[PDB]
Amino acid sequence: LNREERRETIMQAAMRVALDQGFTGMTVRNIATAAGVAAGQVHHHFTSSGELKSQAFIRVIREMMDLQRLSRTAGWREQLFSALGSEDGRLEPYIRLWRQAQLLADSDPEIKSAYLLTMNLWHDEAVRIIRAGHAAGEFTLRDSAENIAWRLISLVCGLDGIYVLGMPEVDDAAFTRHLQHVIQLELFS
Amino acid sequence: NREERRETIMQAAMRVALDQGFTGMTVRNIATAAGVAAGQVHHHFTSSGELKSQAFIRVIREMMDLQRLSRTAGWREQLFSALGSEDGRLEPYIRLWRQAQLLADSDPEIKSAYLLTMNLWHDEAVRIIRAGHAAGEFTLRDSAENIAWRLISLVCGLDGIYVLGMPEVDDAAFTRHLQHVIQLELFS
Ligand SMILES: CN(C)c1ccc(C(=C2C=CC(=[N+](C)C)C=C2)c2ccc(N(C)C)cc2)cc1
Ligand SMILES: CN(C)c1ccc(C(=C2C=CC(=[N+](C)C)C=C2)c2ccc(N(C)C)cc2)cc1
């Protein structure tokens, strides 16, 4: 192996330890084991364990953003929803790590810089679908796509913050009703 | 006497909580604030957690009363004042409220207290909607409960983006995005 394909065989191993056990299990030794490489060789790439868990967390999200890009001929409403509040069981670890990363960003500026970058990735993706739907002629925009993109994200994050507490009146079904509701007020007035 | 001093202790915990936060709510700094011995704190409080959790609820409870307007202002200005008021004097309440949901992942009592404040916050938003719906100023296309949660989620949400230092989400923009969802939720 030359130099850079190594970096990937390492990075991808970390991306599963994140999905499997979360940040608290993304120790240099766990990535070294999952990859089948010497533990000392891991320090050779992505110094500062903090980096191989923030730099890895991004790749997990980027993978999440791509595992949701679905049939383009589907209604721009169907696309936007799945890109904001998908209920696929396969994404539970992706969300779990995202929820997890949001807290750690308090006591880990390294994460914070990364969590900030995903919010921009999550935002730049919604803006695309908002603009695209607007250009196609299905979305009616009463405000800039950017403003709409931030407000919907805030709805998801905000509701997730309540859904995790255990509110019965805010569960899967209700988390969907609210979201689909707001989409109508923002794009189908 | 019996409770007249229990309140001073609570008033001493509610005070340092806004000044120092949960990290600085030690028994030695709380007993100093009330001006009493430290031992008398455990006498009135079994666990140190029951003091941290209850005091936090008591801070927010009065916080919501402080920001209660005259009831004659427009129901929109009232609902707004209880959602996203941009006031410097709230920062200590907010900072404590942000910390409250963070520690909730590891402190079951702070989790219990935070869950209760969100319901109080929600119960108070329902009130303004129903009163503004009765006065005929609001137009409801959904129950006050659902609208309230969506409005609260919008605040908690942008707030999670605001603190990160996003330039396009500033003090002014936060106000704008909040005024917008009110317009759509209640004025169609
Ligand atoms: C495909 N895609 C782009 C997605 C997919 C899912 C989400 C989030 C989510 C969706 C539905 C949920 N339920 C039905 C229970 C719970 C959480 C979510 C993720 C992170 C988050 N935070 C970090 C606070 C809050 C919510 C976001 C983007
Ligand atoms: C009077 N009243 C009932 C209030 C008053 C203020 C708030 C919150 C708030 C308002 C405006 C902000 N800016 C203009 C920057 C930032 C935060 C707030 C508080 C806690 C919170 N979380 C715990 C997530 C999120 C937002 C909520 C209720």
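Residues numbered from 1 in each chain as written, not as in the entry; some residues may be left out. Chains lettered and ligands numbered in written order. Heavy atoms only, no water.

You'll find chain B entered in the PDB entry as Regulatory protein TetR, with Enterobacter lignolyticus given as the organism. What the PDB record gives as the title of this entry is "Crystal structure of EilR in complex with crystal violet".

The PDB entry annotates chain A as Regulatory protein TetR originating from Enterobacter lignolyticus.

### Points about the overall build of chain A
Counting secondary structure elements, chain A contains nine helices and zero strands. In sequence order, the secondary structure elements of chain A are arranged as α-α-α-α-α-α-α-α-α. When each of the 189 residues of chain A is scored for burial, the buried share is 46%. Pairs at least 24 apart in sequence give 68% of the contacts found in chain A among residues at least 6 apart. Accessible area for chain A stands at about 9,200 Å²; split by element, carbon and sulfur atoms hold 48% of it. The centroid of the 20 positive side-chain charges in chain A is displaced by 4 Å from the centroid of its 24 negative side-chain charges. (Helix = DSSP H or I, 4+ residues; strand = E, 2+ residues; numbered from the N terminus. Buried < 20%, exposed > 50% of the residue type's maximum accessible area, 1.4 Å probe, protein only. Contact = heavy atoms within 4.5 Å. Areas by Shrake-Rupley, 256 points an atom, 1.4 Å probe, with all protein chains shown as cover. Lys, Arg positive; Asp, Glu negative; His and termini not counted. Charge placed at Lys NZ, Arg CZ, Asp CG, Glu CD.)

### Regarding the overall build of chain B
Helix and strand counts for chain B stand at nine helices and zero strands. Going residue by residue from the N terminus, the α and β elements of chain B occur as α-α-α-α-α-α-α-α-α. With the C-alpha coordinates of chain B rotated into their principal frame, the extents come out at 60 × 40 × 30 Å. Taking all 188 residues of chain B together, 45% fall into the buried category. Pairs at least 24 residues apart make up 68% of the contacts formed inside chain B by residues separated by at least 6 positions. Of the roughly 9,500 Å² that chain B leaves accessible, carbon and sulfur atoms contribute 48%.

### Quick word on the UniProt feature "domain: HTH tetR-type" (unreviewed entry) in chain B
Taken from the UniProt record, the annotation "domain: HTH tetR-type" (unreviewed entry) applies to residues 3–63 of chain B. Structurally, residues 3–63 of chain B comprises 79% helix and 0% strand, and the distance from its first C-alpha atom to its last is 22 Å. (UniProt positions renumbered as here; feature names shortened; annotations may be inferred.)

### What about the packing of helix α7 (residues 109–136) of chain A against helix α8 (residues 145–163) of chain A?
All names here are of chain A. At a minimum axis distance of 9 Å, the contact between α7 and α8 shows a crossing angle of 125°. Relative to α8, α7 is oriented oblique. Viewed along their axes, α7 and α8 form a crossing whose handedness is right-handed. From α7, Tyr115, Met119, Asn120, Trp122, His123, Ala126, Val127, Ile130 and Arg131 reach across to α8, where they touch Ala145, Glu146, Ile148, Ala149, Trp150, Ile153, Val156 and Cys157. (Axes fitted to C-alpha atoms, helices over the stretch in contact; angles between N-to-C directions. Parallel < 35°, antiparallel > 145°, perpendicular 65-115°, else oblique. Left-handed = near helix turned anticlockwise from the far one by under 90°.)

### Considering the interface of chain A and chain B
Contacts between the two partners involve 28 residues from chain A, matched on the other side by 29 residues from chain B. Of the roughly 2,500 Å² buried between chain A and chain B, counting both surfaces, carbon and sulfur atoms make up 72%. Among the residues of chain A in contact with chain B, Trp150(A), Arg151(A) and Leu165(A) are the three that bury the most area, contributing 23% of the side total. Counting across the chain A and chain B interface gives six residue pairs in polar contact. (Buried area = accessible area lost by both parts, 1.4 Å probe. Polar contact = N/O pair within 3.5 Å; in protein donor to acceptor, adjacent residues only side chain to side chain.)

### Section: unusual backbone geometry
Residues and elements named next belong to chain A. A positive phi is found at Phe46, a non-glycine position, where the angle reads about 55°. On the basis of relative accessibility, which here comes to 12%, the residue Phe46 falls in the buried class. If you check the backbone angles, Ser48 has positive phi at about 65° while not being a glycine. Along the polypeptide, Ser48 turns up in the loop between α3 (39–43) and α4 (51–67).

### Quick word on the UniProt feature "DNA-binding region" (unreviewed entry) in chain B
Feature annotation in UniProt assigns "DNA-binding region" (unreviewed entry) to the following positions: residues 26–45 of chain B. When the span residues 26–45 of chain B is considered, its composition is 70% helix and 0% strand, and the gap between its end C-alpha atoms is 13 Å.

### Remarks on the site of ligand 2
Residues and elements named next belong to chain B. Taken together, 16 residues sit near ligand 2, with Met63, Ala82, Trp97, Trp121 and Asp159 positioned nearest. Here ligand 2, which alone exposes 640 Å², has 98% of that area covered by the protein. Breaking the shell around ligand 2 down by element, the ones donating at least two residues are α6 (91–103) and α8 (144–162). Here the element with the most residues in the shell around ligand 2 is α6; it accounts for four residues. (Near = heavy atom within 4 Å.)

### Considerations on the pattern of salt bridges
Overall, the coordinates contain 18 salt bridges over all chains when judged by the stated rule. For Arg98(B), the salt bridge goes to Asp159(B), with nearest N and O atoms at 2.6 Å. Within this pair, whereas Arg98(B) is found in helix α6, its partner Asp159(B) is found in helix α8, the two being separated by 61 residues in sequence. For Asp142(B), the salt bridge goes to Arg150(B), with nearest N and O atoms at 3.1 Å. When its relative accessible area of 21% is taken as the criterion, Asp142(B) is described as partly exposed. One network of salt bridges, in which partners are shared, links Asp66(A), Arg69(A), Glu125(A) and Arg128(A). (Salt bridge = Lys/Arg side-chain N within 4 Å of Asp/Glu carboxyl O.)

### Quick word on the UniProt feature "DNA-binding region" (unreviewed entry) in chain A
The sites that carry the UniProt feature "DNA-binding region" (unreviewed entry) are, in the present numbering, residues 27–46 of chain A. With 65% helix and 0% strand, the stretch residues 27–46 of chain A has end C-alpha atoms that lie 13 Å from each other.

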